[PDB]
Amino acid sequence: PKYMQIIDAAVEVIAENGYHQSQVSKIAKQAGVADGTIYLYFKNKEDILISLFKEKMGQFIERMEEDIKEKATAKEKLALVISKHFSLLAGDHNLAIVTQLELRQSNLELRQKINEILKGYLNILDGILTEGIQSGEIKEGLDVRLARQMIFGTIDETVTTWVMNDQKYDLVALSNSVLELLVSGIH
């Protein structure tokens, strides 16, 4: 709808200056819409950011929930999550910036709302790790919470370094290397 049109404009505006500096005024402009229509779909500036994450990352998470079920091993499931996460971000310069730089919010209730959306992603990781242990693919005795932190932390920092380097190298081509590092470690 026009709902998606403002969401898409929001991605552009927030990426340009950062969320705090971004203005609702300029979001309407890039959307090609008037200020009042923004308040027809959204409560405020904060609601736009949450909805952005819900729509962009939330839909990614749901797709992953389905698509990993096709894959036999925990390794392969993880291979797809990383690969698809890199692809999503590499297909949109502004999306990469927003998802990385605005994931960790200072304001508590805004942070809670975004964390809640990202929990679905962490849930997937925990589920891959648990099933992996039960089948014997993954280290028995593995602290699932810690391993999920490592996996997510590694994915996130790989994307963040790329964003800091103005996305000037091929993120997607790194996914298998990232997988192997997570699977085998450095020794």
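So that there is no doubt, residue numbering starts at 1 and follows the sequence shown.
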- Note on the structure: Ranked by mean Cα B-factor in the entry, 106-114 and 80-88, top stretch is 106-114
- Between 160-168 and 14-22, which has the larger average Cα B-factor in the PDB entry? 14-22
- Name the residue from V33, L146, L125, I155 with the greatest C-alpha temperature factor listed in the entry. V33
- Query: Once the chain's modelled residues are ordered by C-alpha B factor and cut into thirds, is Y121 in the lowest, middle or highest one?
  - Reply: lowest
- Pull the Cα B-factor of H93 out of the PDB entry and bin it into the chain's lowest, middle or highest third. middle
- Message: Sorting by Cα B-factor within the chain, modelled residues only, which third would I27 end up in: lowest, middle or highest?
- Response: highest
- Message: When the deposited Cα B-factors of this chain's modelled residues are ordered and cut into thirds, is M150 in the lowest, the middle or the highest one?
- Response: lowest
- Within this chain's modelled residues, let me know which third the CA B factor of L129 belongs to: lowest, middle or highest. lowest
